Amino acid sequence: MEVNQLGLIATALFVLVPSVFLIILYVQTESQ
Amino acid sequence: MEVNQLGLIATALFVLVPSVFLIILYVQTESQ
Amino acid sequence: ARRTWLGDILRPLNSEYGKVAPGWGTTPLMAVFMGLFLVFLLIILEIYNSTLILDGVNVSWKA
Amino acid sequence: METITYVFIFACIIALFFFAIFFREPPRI
Amino acid sequence: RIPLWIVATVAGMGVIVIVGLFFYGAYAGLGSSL
Amino acid sequence: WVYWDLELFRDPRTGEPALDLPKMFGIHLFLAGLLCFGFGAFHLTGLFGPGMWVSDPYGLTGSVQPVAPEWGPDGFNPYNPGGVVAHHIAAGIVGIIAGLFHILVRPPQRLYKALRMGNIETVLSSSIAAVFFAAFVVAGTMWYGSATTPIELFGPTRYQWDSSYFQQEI
Amino acid sequence: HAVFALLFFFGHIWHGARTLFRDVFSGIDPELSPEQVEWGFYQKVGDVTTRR
Amino acid sequence: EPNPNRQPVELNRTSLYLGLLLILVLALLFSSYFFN
Amino acid sequence: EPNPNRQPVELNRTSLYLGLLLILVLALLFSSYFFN
Amino acid sequence: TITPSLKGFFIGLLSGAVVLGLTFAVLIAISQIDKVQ
Amino acid sequence: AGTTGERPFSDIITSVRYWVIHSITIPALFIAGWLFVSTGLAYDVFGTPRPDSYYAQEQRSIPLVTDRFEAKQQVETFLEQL
Amino acid sequence: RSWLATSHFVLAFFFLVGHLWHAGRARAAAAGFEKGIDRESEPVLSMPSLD
Amino acid sequence: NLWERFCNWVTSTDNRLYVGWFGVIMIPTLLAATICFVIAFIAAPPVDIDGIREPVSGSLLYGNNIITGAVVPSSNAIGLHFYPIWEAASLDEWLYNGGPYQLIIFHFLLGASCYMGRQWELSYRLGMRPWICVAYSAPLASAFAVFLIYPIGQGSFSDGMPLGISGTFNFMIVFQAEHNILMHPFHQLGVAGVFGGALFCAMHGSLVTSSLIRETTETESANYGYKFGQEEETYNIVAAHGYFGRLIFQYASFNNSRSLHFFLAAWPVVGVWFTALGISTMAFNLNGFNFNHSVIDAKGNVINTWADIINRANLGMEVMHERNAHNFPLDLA
Amino acid sequence: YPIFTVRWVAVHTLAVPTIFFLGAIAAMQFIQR
Amino acid sequence: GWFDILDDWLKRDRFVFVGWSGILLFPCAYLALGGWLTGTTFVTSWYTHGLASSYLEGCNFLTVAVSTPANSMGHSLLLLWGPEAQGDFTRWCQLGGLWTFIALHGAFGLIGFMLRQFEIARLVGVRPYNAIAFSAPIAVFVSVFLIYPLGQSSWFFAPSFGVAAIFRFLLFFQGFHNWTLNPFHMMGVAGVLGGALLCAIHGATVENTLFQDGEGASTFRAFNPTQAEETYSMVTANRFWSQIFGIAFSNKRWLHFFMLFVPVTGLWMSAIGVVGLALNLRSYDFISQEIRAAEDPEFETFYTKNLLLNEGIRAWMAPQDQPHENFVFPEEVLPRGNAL
Amino acid sequence: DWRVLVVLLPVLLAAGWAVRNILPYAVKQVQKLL
Ligand code: CLA
Ligand code: CLA
Ligand code: CLA
Ligand code: CLA
Ligand SMILES: CC(C)=CCC/C(C)=C/CC/C(C)=C/CC/C(C)=C/CC/C(C)=C/CC/C(C)=C/CC/C(C)=C/CC/C(C)=C/CC/C(C)=C/CC1=CC(=O)C(C)=C(C)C1=O
Ligand SMILES: CCCCCCCCCCCCCCCC(=O)OC[C@H](COP(=O)(O)OC[C@@H](O)CO)OC(=O)CCCCCCCCCCCCCCC
Ligand SMILES: CCCCCCCCCCCCCCCC(=O)OC[C@H](COP(=O)(O)OC[C@@H](O)CO)OC(=O)CCCCCCCCCCCCCCC
Ligand SMILES: CC1=C(/C=C/C(C)=C/C=C/C(C)=C/C=C/C=C(C)/C=C/C=C(C)/C=C/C2=C(C)CCCC2(C)C)C(C)(C)CCC1
Ligand code: OEX
Ligand SMILES: [Cl-]
Ligand SMILES: [Cl-]
Ligand SMILES: [Fe+3]
């Protein structure tokens, strides 16, 4: 299938960036 | 320039993943 | 700690910690096998290296 | 897109310099 | 018994001679391109 | 991970977390020998298994065929499939014997202290050592080629081009 | 596997060192006797029972 | 002098689960459109 | 009962800066080969 | 059959054994002579 | 540092008995080395070609070893055609 | 020309090093700390922090 | 007393970054060279370096990556001529002829020279000893050699080291084919300086780390055994010397930390000084040792050595480097 | 002081052949093709 | 016991420590050094390379070498009693037997030395970080002198033990491998040059932040090994570099660990890259630029220029550098620029 | 061959001369050790 080549990175960054944000906040909350 | 289509995603993950790992470790240290 | 049915069965297998034989024990016997194994590796090495060429042993894709 | 990637990394490094100098961990005696 | 500064000077003199001989052999005989 | 505090990991007298590494080695080595033996004796021979990939010297008619063990000196010729079978059988037996020995006979007092057999990190060090030894070997047999690295599966070698191995046959 | 093997050689050395010098990997003895590391003092290097 | 307006930031385990679920589901939903 | 072998993990600001630098420079170096 | 290659291998074995043999035989001898007080 | 126990190099090389012994031993080893070359023994021991032993009177072809196991005889047949 | 150019460039460079060496030390010697820092009067210790 | 207030801030020791009078020149020049470099490395058009109307692309936007990217040296047609922007009819001409290259390196060399002086200045303001700048003279001379001195001797800034990774390699290869820098005793001292430097750096680092006095446990870093500004030394030099003194022999080891550290400074600096002078002297074509056809047999046949093999490699670079720039059999410029 | 020690051997193993080698190379400077 | 008696003697405090590691180190190292000195003085390379390589033949210090065995030998151990030399010492030298002699004894020498580092450190009472650091020279020696020729056709393409011979090895790796374009060598360069930087900048800083512990102008006398105080001001040294460079060391222990890390890591990285070259797995090209340049004869970078240089190196040195290939290049096939 | 004796001759004389100059001092060291 001839899909959008930027679709892969767009999807990956769509997941990683906000997920990391939540992981950062969580781990630093437990360490308090 | 006809470059590798995975060059972008491989470079992005190579930066993001281990750098995120460090950021996570830092924030949970200052919170301690 | 917690007791389990599989733990009780395996218990003797992990009950001799730190237990040793007096002095050198079987150390010389170990050295003999260490010597023979060194000779063994040296043999098969030179066979592949063709430093050791034996009758009936053609180190090649042809065999 | 290659150029943008190369410049972006270079930009991040320069930014890192700024924080490692002016927002470093202050050495105390 | 023998002054150390004398032993050092003689040995040093011997070094310069044997080294100079090698640099001499660079322009004569084998390896002289002639 | 949840049930980490098992009684088996505790030392009967001290109550400290302890592992009898010398006997553990004997047990696991006994297991390795049995599996090693069984692999060569059944799987490779075709006695109870498919066998292994074998082919002509030029890799034209390769297939999975049962292999009979080579017990002569030619069994150390690594382009002989029969050597691989004979190896896992013979070394399999040795492993079983050594396994039993390393179970029944306690380590000498001096070797225990010299090799720190109370510290699990001494096992990591020696295991890693044996691991790169095996890693260097499989890299060698792959590049130079052997009966375990058929050219129909992994491709030809550079030394076949160097010697014009296929041009002479053609 | 050739690269990994060479890399694991360091693993052998590192974890190997960690095993043999375990007592001093958090730092050496706070007041190590100079005499121990100074020449001529001992007949055998490190052996306290070999002073001349 | 330190700023008196600084507050600690929190995010309990539950909110982490809720967030990750939100992100992954949105990602599963929009990924097909990103690939188009 | 809790596990007595658990330990806290730390990474000071300096190690962060060093680590980020190591990653960013490695990225700058190897990126050209990824794009090829 | 004892091939010329195999003949040399045993020569290499004996040569190495003698070298290691004479080495340790000397070192052990000297160690017994000049013991540590 | 202290001192290990051996005799200090300083006093030995400044001693007379030393230079009595080594005014003979050192030059003899030097002369021995000289004789090892001047006699031409070095050439035959290591098989290093003499200035007139690289080529024959009309060859520039390098006597290069092409075989592995018959390499000894291959070198010997090179020495023969000289 | 090659002999004269190379030789004097070498000398010129080292004399610049000689300038830097003897000049800096002259400054320090005249000020009174060419032999090191006074332990009981370290200038930095009397200075404020950079941050 | 108004100009005095300016002087006090310039020479102030309470600035996060020291300015100083050397810095008054350093800061603008370095900023000028840096800004121009970043722009040129990314968006500059191709440059006719060899002055033969054969433009060489060096920027990212024109088909380069980080490895192949470079700021290309000024045209050979220019030579040693000063070529600022206001000497060109247009920026387009200026860019075509390698304008940015001269602008950067000149602002850089000036800035770098002031950087060295700036090092003396702060050390004087703090009551330090002033020879750290002398150590920095070793890499600074090296930069002067490839950016300024070598173009002078050769007669063109086109033969200067390009501001790029691949361009650097091009500089090294062409250099070897024309000067035989490998067979030059000054590069060999440079190699001994940087290999030895790395060795001694690894050496000093390992011995001090090995002799660290235990102040911490196994569950924390050993670095926390040291506190910034503490009176006591963190390691035991007595133990360290005891080790290295037995690794070889005691008189081959340092018991003096000042004498040891001086050696650590002396060895790589002196080494780099020579390899700096190497480029500087080979700039006037005093090239490396030439032993081509040095060994001759009785009849007269040339008996090749490893030097003759090196020569064959040098021939390969020579006949191919700048394949269109030569019209005559001897390569002089 | 002891005359023949471990250091003694360590010296002459490098010492003796060096002078022998130096004499050899010294004679090589007079070799003509 | 005899073992304990021998252990006492081996670990005696002498001018030259021996130890158990000495039984392996000292003989192997002596043969490696002696073998090289012997070969570069008398032994030739006329039958293996077609080259002179000894003082006896007219070579100088820069050109002498112990050359690699002929390509026809393959990866043979070339033992003196081996099937190639067959006990003949003279033939053994002529075949290149001294190269393997040095390489192999030199390898076990390096093992003996690293062991020596462990042994002494255990007796003294210090951490073995010196032995750990020495893993980097070993990794380099192994990859280059052992693994690389093993990956290739024979020992012939390994480095020959000589000054000019090494220079050959350098230029070979440029023309054939484009070793400069490899990121693993680049990290090695950064480690070596970075190590030299750290070595210079640390010694200079310490020497120029010294405390005044004497009245003499030469400050070397103002130190004593048994002193408990620091000889230089870490505080003053920190402020200096903080204002000059922007950042500075604040922890002595991290400083000297970092001084270990940089050059050791660099060498290990360069070692990995050599392993790749053993299989001709090079960072030779960028496909993106080759596609462009092949389609556009007006596209040129410093990268495409260097490849032209490599092409020149290969075609011009190969016939003599690889005499076993019997390469014959007519003048008209040689890649040449104009005039030259 | 005769060339061997020529080369080893100075070595033998050197060793011999050294022995007789150290012999009374050498064997005493072995007296003391034994
Ligand atoms: C650079 C080499 C090196 C070094 C410095 C060390 C250092 C160490 N090893 Mg390791 N080791 C090495 C290589 C090395 N090892 C290799 C290549 C192997 C094989 C896989 C091992 C296998 C190994 C084991 C299994 C163990 C160690 C252990 C140790 C520690 C104790 C010393 C010891 O046992 O030495 C071992 C002895 C040597 C390294 C020298 C061997 C010399 C051989 C016998 C010479 C053979 C010559 C040969 C026959 C000549 C012809 C060859 C030719 C034809 C090719 C120490 C941390 C021990 C440990 O972790 O303790 C806590 C341990 O149990 N090592
Ligand atoms: C094993 C192989 C080997 C080794 C170890 C070396 C080693 C060396 N070579 Mg040689 N070389 C080799 C092979 C080798 N070479 C081969 C095979 C060839 C032939 C192709 C050459 C051709 C060659 C050439 C042509 C040259 C060298 C040079 C050098 C030196 C390079 C380091 C230097 O100049 O530092 C000195 C340090 C610097 C130049 C850095 C200056 C930095 C300035 C002051 C500041 C920069 C700041 C920066 C822009 C921004 C920083 C930002 C940050 C603060 C955030 C060194 C002596 C060079 C030399 O000797 O130069 C004098 C040189 O020109 N080599
Ligand atoms: C620490 C000592 C040491 C070590 C580790 C080595 C290691 C090596 N040497 Mg070196 N060598 C040494 C000392 C050493 N040497 C000394 C002191 C000399 C001067 C006399 C030499 C002279 C020398 C030469 C002239 C040559 C080597 C070569 C070699 C290599 C091959 C060795 C081999 O195959 O051995 C095989 C032997 C063994 C591994 C010993 C095995 C011992 C066990 C216990 C078995 C015992 C068997 C038993 C006694 C039965 C005997 C046989 C019987 C059934 C008939 C190897 C790299 C060769 C080389 O480099 O070629 C390129 C070569 O030609 N060495
Ligand atoms: C700026 C220039 C520069 C620099 C700094 C480097 C730096 C480096 N290069 Mg590179 N290189 C350069 C330019 C440069 N290169 C260029 C332009 C080329 C041309 C393409 C090359 C080609 C090149 C090659 C072909 C190789 C390197 C390698 C190396 C590494 C060598 C490490 C070392 O010390 O090994 C030295 C060797 C050892 C440390 C091994 C152990 C040696 C023992 C300890 C010796 C003991 C001797 C004993 C005491 C007795 C001696 C006696 C005798 C002296 C009489 C290092 C990362 C090597 C590499 O990557 O190796 C992995 C390699 O093979 N370079
Ligand atoms: C516009 C665009 C795109 C521009 C980009 C152009 C371009 C060319 C980009 C490329 C950029 C680039 C850097 C490429 C290189 C890539 C590369 C080689 C990466 C390798 C990375 C890597 C993994 C290497 C492995 C080996 C390794 C870890 C090396 C480390 C090297 C390193 C960090 C060296 C640092 C040396 C250094 C700066 C030391 C100074 C430290 C300092 C200030 C000490 C001061 C100090 C000293 C004392 O003594 C005391 C006592 C005190 C108290 C004190 O304070
Ligand atoms: C350009 C760079 C851009 C970077 C953008 C980064 C954005 C990061 C933030 C976005 C994500 C935040 C998510 C927080 C998520 C979170 O933490 O919720 C928890 C939070 C409740 O907060 P509390 O008052 O409990 O706070 C307690 C503290 O621990 C919180 O800090 O609820 C909300 O914030 C409102 C929105 C809830 C939405 C949750 C609904 C999810 C339902 C499941 C949906 C999928 C299934 C669908 C089935 C059909
Ligand atoms: C006298 C010869 C000088 C040669 C040039 C200088 C080289 C050494 C200085 C390098 C500067 C490093 C950065 C500053 C490092 C630094 O700050 O050093 C500090 C160090 C400490 O000395 P002091 O401050 O106690 O004394 C300085 C004056 O006040 C005199 O007492 O200075 C010296 O040791 C000077 C040594 C002069 C003698 C050095 C001779 C070395 C070269 C010998 C020939 C080698 C040729 C090799 C050919 C292959
Ligand atoms: C092979 C072999 C072997 C071995 C042998 C040997 C071990 C030998 C040795 C030999 C030797 C051991 C030799 C030596 C030599 C030395 C020399 C030859 C030296 C020289 C020196 C010089 C030349 C110097 C120079 C200089 C310097 C460096 C300083 C500065 C200046 C001058 C220039 C003075 C055997 C029989 C066992 C077995 C068989 C095989
Ligand atoms: O421009 Mn750049 O490189 Ca100095 O040489 Mn002539 O010119 Mn061109 O050829 Mn070769
Ligand atoms: Cl070019
Ligand atoms: Cl022209
Ligand atoms: Fe230091």
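In each ligand, atom 1 is the first atom listed, and ligand 1 is the first ligand listed. Basis for what follows: all heavy atoms, side chains included, without hydrogens, waters or symmetry-related copies. We name chains A, B, ... by the order of the sequence lines, and we start the count at 1 in each one.
- In this structure, K:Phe36 has its ring center under 6.0 Å from that of O:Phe42.
- Within 4.0 Å of atom 27 (C) of ligand 8, not a single protein heavy atom is present.
- Atoms of ligand 4 found under 4.0 Å from any heavy atom of M:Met172, numbered from 1 in the order shown, are 17 (C).
- Only protein N, O or S atoms were considered, and those under 2.8 Å from atom 10 (Mg) of ligand 4 are O:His185 NE2.
- Atoms of ligand 8 found under 4.0 Å from any heavy atom of O:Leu31, numbered from 1 in the order shown, are 37 (C).
- Nearest to atom 23 (C) of ligand 8 among the protein's heavy atoms is N:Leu22 CD2, 4.3 Å.
- For the 3.5 Å distance criterion, the side chains of M:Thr209 and O:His256 fail to qualify, holding no donor opposite an acceptor.
- The single protein non-hydrogen atom nearest to atom 33 (C) of ligand 8 is E:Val19 CG2, 3.7 Å, given as residue, atom name and distance.
- For atom 37 (C) of ligand 8, the nearest protein heavy atom lies under 4.0 Å away.
- Using a 4.0 Å cut-off to heavy atoms of O:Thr180, the atoms of ligand 4 that qualify are 17 (C), 20 (C).
- Close approach of ligand 4 to O:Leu33 is summarised as follows: ligand atoms under 4.0 Å from at least one heavy atom of the residue are 52 (C).
- Which parts of ligand 4 touch O:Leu193 is read off a 4.0 Å heavy-atom cut-off, strictly below it: atoms 5 (C).
- In this structure, atom 11 (C) of ligand 8 lies nearest to the protein heavy atom N:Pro17 CB, 3.7 Å.
- For the residue pair O:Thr180/O:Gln174, the side-chain donor-acceptor check at 3.5 Å is satisfied.
- When only modelled atom types and interatomic distance are considered, O:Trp179 and O:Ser283 share no side-chain donor-acceptor pair under 3.5 Å.
- Near O:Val144, the atoms of ligand 4 lying under 4.0 angstrom from a non-hydrogen atom of the residue are 61 (O), 62 (C), 64 (O).
- Ligand 8 places these atoms under 4.0 Å from at least one heavy atom of O:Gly34: 7 (C), 8 (C), 9 (C).
- When M:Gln176, O:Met187, O:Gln174, O:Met186 are checked for heavy-atom proximity to atom 20 (C) of ligand 4, O:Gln174 turns out nearest.
- The presence of a protein heavy atom under 4.0 Å from atom 31 (C) of ligand 8 is ruled out.
- Closest protein heavy atom to atom 14 (C) of ligand 8: O:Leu37 CD1, 3.5 Å.
- You'll find the ring centres of G:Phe10 and O:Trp268 inside the 6.0 Å limit.
- Heavy-atom proximity to atom 18 (C) of ligand 8, evaluated over O:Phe89, O:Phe61, O:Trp36, N:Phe21, is greatest for N:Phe21.
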Test side-chain contact (heavy atoms from CB on, under 4.5 Å) applied to M:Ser257 and O:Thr231, step by step: CA-CA 8 Å; M:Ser257 186; O:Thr231 183; 4.2 Å; yes
Could you walk me through whether M:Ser142 and M:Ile279 pass the side-chain contact (heavy atoms from CB on, under 4.5 Å) check? CA-CA 8 Å; M:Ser142 299; M:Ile279 303 301; over 6 Å; no
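- Looking only at protein heavy atoms, the nearest one to atom 37 (C) of ligand 4 is O:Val140 CG1, 3.8 Å.
- Counting only heavy atoms, the protein gets under 4.0 Å from atom 6 (C) of ligand 4.
- In this structure, the protein non-hydrogen atom closest to atom 41 (C) of ligand 4 is O:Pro137 O, 3.6 Å.
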Donor-acceptor contacts under 3.5 Å from residues 13-22 of chain N side chains, at least two apart:
unit_1, atom_1, unit_2, atom_2, d
N:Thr13, OG1, N:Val9, O, 2.9
N:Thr13, OG1, N:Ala10, O, 2.9
N:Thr18, OG1, N:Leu14, O, 2.4

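- With the Fe ion (ligand 12) at the apex, M:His204 NE2 and O:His202 NE2 define an angle of roughly 110° (rounded to 10 degrees).
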Stepwise side-chain contact (heavy atoms from CB on, under 4.5 Å) check, M:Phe244 with M:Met203: CA-CA 10 Å; M:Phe244 181 51; M:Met203 198 62 190; 3.5 Å; yes
All N/O donor-acceptor pairs, side-chain side in residues 141-152 of chain O, below 3.5 Å, sequence neighbours left out:
unit_1, atom_1, unit_2, atom_2, d
O:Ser143, OG, O:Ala139, O, 2.9
O:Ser143, OG, O:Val140, O, 2.9
O:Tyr148, OH, O:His177, NE2, 2.8
O:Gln152, OE1, F:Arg158, NH1, 2.8
O:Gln152, NE2, O:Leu277, O, 2.9
O:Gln152, NE2, O:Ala278, O, 3.1
O:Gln152, NE2, O:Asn280, OD1, 3.0

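- For ligand 4 and O:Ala271, the ligand atoms under 4.0 Å from any heavy atom of the residue are 62 (C).
- The shortest contact between atom 31 (C) of ligand 4 and any protein heavy atom is with M:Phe195 CZ, 3.7 Å.
- Closest to atom 43 (C) of ligand 4, if we only count protein heavy atoms, is O:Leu110 CD2, 4.4 Å.
- Here the protein heavy atom with the shortest distance to atom 17 (C) of ligand 8 is N:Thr18 CG2, 3.9 Å.
- Summarising the geometry of M:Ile213 relative to M:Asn236, their closest heavy-atom pair is CG1-N, 4.3 Å, with the distance given to 0.1 Å.
- Ranked by closest heavy atom to atom 34 (C) of ligand 8, the top entry among E:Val15, N:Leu14, O:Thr40 is E:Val15.
- Under 4.0 angstrom from ligand 8, there are no non-hydrogen atoms of O:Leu33.
- Residues O:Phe173 and O:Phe169 place their aromatic rings such that the two centres sit under 6.0 Å apart.
- Using a 3.5 Å distance cut-off with no hydrogens or angles, the side chains of O:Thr205 and O:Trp241 do pair a donor with an acceptor.
- Within a 4.0 Å radius of atom 9 (C) of ligand 8, the protein contributes at least one heavy atom.
- Annotation for ligand 4: atoms under 4.0 Å from non-hydrogen atoms of O:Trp36 are 55 (C).
- Given atom 5 (C) of ligand 8, the protein heavy atom at minimum distance is O:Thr38 OG1, 4.2 Å.
- Under a cut-off of 6.0 angstrom, the local environment of CH2 in K:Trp34 is crowded, with over 12 non-hydrogen atoms contributed by other residues, nucleotides or ligands.
- Using cut-offs of 30° and 60° for the angle between ring planes, the O:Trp99 and O:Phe161 rings count as tilted.
- Ring centroids of M:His179 and M:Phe175 are separated by less than 6.0 Å, placing the two rings close together.
- Annotation for ligand 4: atoms under 4.0 Å from non-hydrogen atoms of O:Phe169 are 25 (C), 64 (O).
- For the pair O:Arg116 and O:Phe113, the cation does not sit on the ring face, since its NZ or CZ is not both under 6.0 Å from the ring centre and inside 45° of the axis.
- For K:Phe30, the CZ atom counts as densely surrounded, since its 6.0 Å shell holds more than 12 non-hydrogen atoms of other residues, nucleotides or ligands.
- Shown here, atom 21 (C) of ligand 8 is out of close reach of the protein: none of its heavy atoms lies under 4.0 Å off.
- Between O:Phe261 and O:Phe258, the ring planes are parallel. Angles under 30° get that label, and only those over 60° would be called perpendicular.
- Side-chain atoms of O:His202 and M:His261 form a donor-acceptor pair, as typed in the model, at a separation below 3.5 Å.
- Partners of O:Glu207 by side-chain hydrogen bond (donor to acceptor under 3.5 Å, both in side chains), not counting sequence neighbours: none found.
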